[PDB]
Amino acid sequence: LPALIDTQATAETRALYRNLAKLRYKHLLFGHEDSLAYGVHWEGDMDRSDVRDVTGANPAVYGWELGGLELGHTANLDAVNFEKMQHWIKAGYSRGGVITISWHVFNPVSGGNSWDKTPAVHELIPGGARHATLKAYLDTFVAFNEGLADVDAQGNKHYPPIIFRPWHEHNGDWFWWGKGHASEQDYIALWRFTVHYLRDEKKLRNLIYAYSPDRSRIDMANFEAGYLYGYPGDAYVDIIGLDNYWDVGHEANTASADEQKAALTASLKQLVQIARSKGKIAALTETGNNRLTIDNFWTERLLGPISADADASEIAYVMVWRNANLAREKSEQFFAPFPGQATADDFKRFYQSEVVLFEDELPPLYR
């Protein structure tokens, strides 16, 4: 009964959304960013994942990142080759996996990255002096998406559905499209234009749109109001997402473990209630414990709190961030384990949960 904002979405896109709406009550899809691109201790293999090396299974949800595409770069801001990315997207989809894409858009005013807070939203929205630049930027995704398509013998074009998750964590002040650097109304204009341009002007039919505030900058005593800062409206959102690294052991969080667990549960309960009220689907779109320093993280700090409340449990999926290559990037940053990593066995047991679905355990999501 949730319905997509694209009333003409492709059969497979409509099927995915319907199937997520059904599965969410008893299951949780596991996801990982850049899962096929590299791991902490490897890069180059065209069919490998840290997640699979540990569990024997690929993640159910594959996250990818477009930052730099808009500048005509051959690889994204983390040096992930766009052609390989298209290959990996098609591969994952072919196996029945789910595809989600975020976009750390470079600052069009300063030339800095997303974390350069130089204001720019006002320039990019309709009527702004750099509106043509926004169009140019979005066009690069249109072309990327075309690259994902297969054409059958009859000339019908087939695309992987994509959970497109733009302009994320906009309630934070760390991105140029964020609170403090863009007016709320201008942010809403940017979101609405993104939807109109992709869905209506360019006629992309394979997108599911995900909205994703950061939990750390939401007041738990006024959760809904915080969550809905810069919310563009029900006609522009399909997935009621949330990025929450805070309640899963962030080093700056002085709350006790028990208090954090309770907050994670409460955040997800409220997230679910919001999605239910709007006829949408909720998801924990980014989370994780950087460097996986927390014993039994998977069962105790993630699965446990998700499962501790009936409402909280109705999220459809959870994605953890990337496993940065140590040799290349020069320091440790990772959110899934790899063989030998402390939390690897707990992660296997997490996988073995009937609740948690990896790629190998998915029903047919696309019919």
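One rule holds for the numbers: they count along the sequence shown, beginning at 1.
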Output the stretch having the higher mean C-alpha B factor in the entry; the candidates are 207-215 and 69-77.
69-77
Avg C-alpha B-factor, entry values, 5-13 vs 18-26, higher side is 18-26
Looking at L198, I239, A257, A91, which one carries the largest C-alpha B-factor according to the PDB entry?
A257
Out of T285, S114, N296, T194, which shows the largest CA B-factor listed in the entry?
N296
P337's Cα B-factor: lowest, middle or highest third of the chain?
middle
By the recorded C-alpha temperature factor, relative to the other modelled residues in its chain, which third is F82 in?
middle
Can you tell me whether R95 has a C-alpha B-factor in the lowest, middle or highest third compared with the other modelled residues of the same chain?
middle
Comparing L302 with the other modelled residues of its chain, is its CA B-factor in the lowest, middle or highest third?
highest
Can you tell me whether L326 has a C-alpha B-factor in the lowest, middle or highest third compared with the other modelled residues of the same chain?
middle
